[PDB]
Amino acid sequence: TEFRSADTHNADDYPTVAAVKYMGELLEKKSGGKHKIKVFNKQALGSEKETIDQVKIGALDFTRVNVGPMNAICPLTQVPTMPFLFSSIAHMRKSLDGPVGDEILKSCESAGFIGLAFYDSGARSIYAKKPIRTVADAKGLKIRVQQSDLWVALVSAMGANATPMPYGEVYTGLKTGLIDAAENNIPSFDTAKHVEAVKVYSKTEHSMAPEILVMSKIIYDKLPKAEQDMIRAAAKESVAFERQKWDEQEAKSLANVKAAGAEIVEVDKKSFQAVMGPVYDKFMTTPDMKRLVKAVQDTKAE
Ligand SMILES: O=C(O)[C@H]1O[C@@H](O)[C@H](O)[C@@H](O)[C@H]1O
Ligand SMILES: [Cl-]
Ligand SMILES: [Cl-]
Ligand SMILES: [Cl-]
């Protein structure tokens with residue numbers, strides 16, 4: 001069959017878009033040409049929230065979203081969203097590739113989603129019209145976040161005025177001053193054109209919330225076991241491809257925004273980490289969540 005998958009990003013070569021296209025190529029190979037994936041980027045099939053609901057009801061086969069908008073519907077996705085959980089991108093990758101990530105992926109089935117892969121999304125940092133070097137600088141800042149209660153809390157802990165909005169509304173919001181700031185990785189800051197509106201990128205690195213690729217359980221459950229396995233393998237094998245593309249995009253977008261006049265600022269990251277204890281207290285509240293946070297931070301470096 002020809003499966004459909006959604007992505008919000010406009011660029012046809014954005015790493016997440018390229019990665020699901022690569023997954024499709026692998027699936028064609030593994031299935032002897034039976035199965036294919038068509039990737040609808042440019043939010044053609046809806047916002048992240050909308051596509052999650054379409055996958056839930058089986059109208060859409062796959063969606064590639066960030067964990068943020070999955071925080072309510074698949075609560076263990078909150079774990080890798082948590083601020084300053086991971087010590088480095090290497091730590092994140094090892095954690096997500098191992099038993100922690102695999103358990104989180106499996107946990108979404110209870111809500112109607114087959115979790116297939118985590119893709120890299122770098123670290124998210126504040127961008128605004130002024131430098132945010134300490135948490136005091138963030139006080140009162142009108143900053144967009146994703147549609148997630150955890151995210152509202154995360155940024156509120158900095159003293160900021162968290163403003164949940166869909167991704168597609170952020171560019172115009174920044175241009176018109178409806179919002180002061182937002183937060184994201186550099187490729188998003190670049191490719192969504194947020195850098196056109198605000199130039200100061202303060203490296204708070206306050207989350208490494210990854211992307212998650214999910215399939216509709218309704219659709220998955222009707223496929224033969226052998227074909228379910230092909231899909232899972234193709235997704236898993238696409239992660240290494242996504243990461244190589246992601247590394248390249250990190251560099252390309254950094255060059256783009258520096259050339260465009262962005263001011264990249266180092267910050268007192270401990271200032272921001274020091275306010276996050278209550279976020280763990282208020283969100284990491286179940287045995288599974290506590291166990292998985294601990295497993296992540298018990299992970300040994302290579
Ligand atoms: O902030 C957002 O809404 C966006 O952030 C990006 O990092 C992510 O790649 C998008 O899928 C979307 O979640
Ligand atoms: Cl395609
Ligand atoms: Cl969106
Ligand atoms: Cl944001």
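Any value given below was found using the heavy atoms of this structure, including those in side chains, with hydrogens, waters and symmetry copies removed. Positions are given from 1 along the sequence. When a ligand or atom number is given, it counts from 1 through the structure's own listing order.
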**Student:** For a ring-ring contact (aromatic ring centres under 6.0 Å, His included) check, start with the C-alpha distance between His206 and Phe84, then their side-chain angles and the critical distance, and finish with the verdict.
**Tutor:** CA-CA 6 Å; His206 53 258; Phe84 305 105; 7.2 Å; no
**Student:** Using a 6.0 Å distance limit plus a 45 degree cone around the ring axis, check whether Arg144 lies over the aromatic ring of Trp151.
**Tutor:** no
**Student:** Which residue and non-hydrogen atom of the protein lie closest to atom 8 (C) of ligand 1, and at what distance in Å?
**Tutor:** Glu211 OE2, 3.5 Å
**Student:** Quick check on the hydrophobic clustering: are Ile186 and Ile126 connected, directly or via other members, by side-chain heavy-atom contacts under 4.5 Å?
**Tutor:**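 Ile186 and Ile126: separate clusters.
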**Student:** Can a donor-acceptor pair be found, under 3.5 Å and without considering hydrogens, that links the side chain of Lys258 to the backbone of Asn256?
**Tutor:**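 Such a contact is absent between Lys258 side chain and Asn256 backbone.
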**Student:** For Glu48, take its heavy atoms, then give the atoms of ligand 1 lying under 4.0 Å from any of them.
**Tutor:** 10 (C), 11 (O), 12 (C), 13 (O)
**Student:** Quiz question: by atom type and distance under 3.5 Å, do the side chains of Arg232 and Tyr220 form a donor-acceptor pair?
**Tutor:** yes
**Student:** Which of the atoms of ligand 1 are close to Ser188, meaning less than 4.0 Å from one of its heavy atoms?
**Tutor:**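 Listed by number with element: 6 (C), 7 (O).
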**Student:** Run the numbers for me: atoms of ligand 1, each under 4.0 Å from some heavy atom of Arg144, listed by number.
**Tutor:**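 Checking each atom against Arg144, I get 1 (O), 2 (C), 3 (O).
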**Student:** Who gets closest to atom 4 (C) of ligand 1 by heavy atom: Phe189, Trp151, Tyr14, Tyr167?
**Tutor:** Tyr167
**Student:** When you measure from atom 6 (C) of ligand 1 to each heavy atom in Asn184, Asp7, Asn66, which option holds the nearest one?
**Tutor:** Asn184
**Student:** Which ligand 1 atoms does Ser121 reach within 4.0 Å, using its non-hydrogen atoms?
**Tutor:**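 Those qualifying, in numeric order: 7 (O), 9 (O).
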**Student:** Below 30° counts as parallel, above 60° as perpendicular, anything between as tilted: where do the rings of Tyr171 and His194 land?
**Tutor:** parallel
**Student:** What is the distance from atom NZ of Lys294 to atom CG of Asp298, rounded to the nearest 0.5 Å?
**Tutor:** 4.0 Å
**Student:** Any atoms of ligand 1 less than 4.0 Å from a non-hydrogen atom of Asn185? List them with their elements.
**Tutor:**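 Those atoms are 7 (O).
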**Student:** Tell me whether ligand 1 is touched by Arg64 - counting only heavy atoms on the residue side and a distance under 4.0 Å.
**Tutor:** yes
